[PDB]
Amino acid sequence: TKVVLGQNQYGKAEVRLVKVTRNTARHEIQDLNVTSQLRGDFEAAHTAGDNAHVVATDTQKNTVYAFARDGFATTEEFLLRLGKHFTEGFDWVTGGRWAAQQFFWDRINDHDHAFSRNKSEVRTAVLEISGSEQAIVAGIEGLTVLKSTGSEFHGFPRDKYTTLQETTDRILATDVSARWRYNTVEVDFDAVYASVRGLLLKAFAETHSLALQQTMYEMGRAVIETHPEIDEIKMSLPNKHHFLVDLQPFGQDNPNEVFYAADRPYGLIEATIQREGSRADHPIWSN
């Protein structure tokens, strides 16, 4: 009977930007994949196709490049500039979501202007503005890790559908996908990112794992305990199964040496670790 326009947003996604800093012979590279989306009063655009309030996605894209010309210290600083621009520049635009993936490059033998991609991880940043408030979530993804031992899994309940054998020595491999929310915008973004990355890696490697859930809890705890500016961290860790191959059919034993790395299916353990007393469900997680 009665239809209503609910939450909505729009903009330009995946604007690939490469900013070269070359004021001197020592060139610097910043490589981003940027997405911009606006929120506000776009009722008529949807119900009547009246585009008076529709800042073209093409325009949003042009703005990303125009702002890049001035340079930016960090990815987060760049997103903050964009968000402020759109929200304050148009009265009907009350907020939005600006995100970016940051790709890393290393110099080729310390060369001044020749680099190679470091594809071992991807950094992410998301800024959400709502009225007079804003929140930032930083993250890391695509970071694959593995422990060849120091991982166990036993003591689980058994039912008629249970066939898994307990173990005190197995491989624990996963893809680190973590995202943390800052409780302030006054942060040394690059320093905290480097710190968090190291904390996650350290907790993963040094925690004698009795469960993937436990390892994840330790990784999250290390981050919250170390950085006051972080209120919560969310992680999604797949348990990439490395099956110990049965070689007895061929007359050989397998002392935890030969494994089959299966693609699918995979365990998927996810959790939110929070600072006691912090917000329970911030809107930025809705996406």
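Residue positions are given as counts along the sequence shown, with the first one as 1.
*Asks:* Please compare 264 to 272 with 21 to 29 and say which has the higher mean C-alpha temperature factor in the record.
*Replies:* The stretch with the larger average C-alpha B-factor is 21 to 29.
*Asks:* Mean C-alpha B factor from the entry: is it higher for 184 to 192 or for 147 to 155?
*Replies:* Higher mean C-alpha B-factor: 184 to 192.
*Asks:* Which listed residue, 223, 245, 64, 38, has the largest C-alpha temperature factor in the record?
*Replies:* It is 223.
*Asks:* Place residue 69 in the lowest, middle or highest third of its chain's C-alpha B-factors, as listed in the PDB entry.
*Replies:* Within its chain, residue 69 is a middle-third residue by C-alpha B-factor, going by the deposited values.
*Asks:* Is the Cα B-factor recorded for residue 198 in the lowest, middle or highest third of its chain?
*Replies:* It falls in the middle third of the chain.
*Asks:* Using the temperature factors of the C-alpha atoms in this entry, rank residue 43 within its chain: lowest, middle or highest third.
*Replies:* As the PDB entry reports it, the C-alpha B-factor of residue 43 lands in the highest third of its chain.
*Asks:* For the chain shown, is the CA B-factor of residue 105 in the lowest, middle or highest third of its modelled residues?
*Replies:* CA B-factor rank for residue 105: middle third.
*Asks:* Of the three thirds of its chain by CA temperature factor, lowest, middle or highest, which one includes residue 96?
*Replies:* According to the entry, residue 96 has a C-alpha B-factor in the chain's lowest third.
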